[PDB]
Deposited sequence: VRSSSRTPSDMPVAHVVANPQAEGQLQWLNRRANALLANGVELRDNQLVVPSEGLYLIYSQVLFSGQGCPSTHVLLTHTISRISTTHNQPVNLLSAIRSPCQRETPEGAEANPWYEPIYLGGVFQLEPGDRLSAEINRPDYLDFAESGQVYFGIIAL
């Protein structure tokens, strides 16, 4: 089999209104050294990791105020407490009561070091939608 560090976590459906990564669920992974601490994935050993995450935002009708939805995956190494954005995207659901949906997918390969902490964050958890499985996830795999 494989002993490569791997994780695939999803939004916890019991933490409504928040983004709390969860691995205790069917079709989720957290193994071979990867840990979930303080809502962040912690890298076991150095190497090339494919990192990815998807969030789905939804709302009914368009707010009177212009809203921007952001999703970013950031890296925090032990050699610097300053978070660095590896992947980031923005979306504007409204131009100015029909429900809107906006998915954001981020993904790339990065050289990581042992102890590195990866965070997958959003700016509007009040719009996050994990009403159904597979809509919000965050993962990594050492290649």
| property | result |
| --- | --- |
| Missing stretches, numbered from 1 on the deposited chain sequence and kept in order | 1-7, 104-110 |
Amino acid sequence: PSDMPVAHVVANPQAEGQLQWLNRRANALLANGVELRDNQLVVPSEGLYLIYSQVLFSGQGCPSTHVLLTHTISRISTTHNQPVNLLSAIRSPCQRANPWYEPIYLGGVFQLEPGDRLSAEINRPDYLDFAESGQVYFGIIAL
From here on, numbers count along this sequence of modelled residues.
item: Given 33-41 and 58-66, the range whose Cα B-factors average higher in the PDB entry; value: 58-66
item: 46-54 versus 75-83 - greater average Cα B-factor per the deposited record; value: 75-83
item: Largest Cα B-factor, entry values, listed residues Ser92, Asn98, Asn27, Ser88; value: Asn98
item: Residue, from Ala131, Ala15, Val10, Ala120, that the PDB entry assigns the highest Cα B-factor; value: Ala15
item: For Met4, the third of its chain into which the C-alpha B factor falls; value: highest
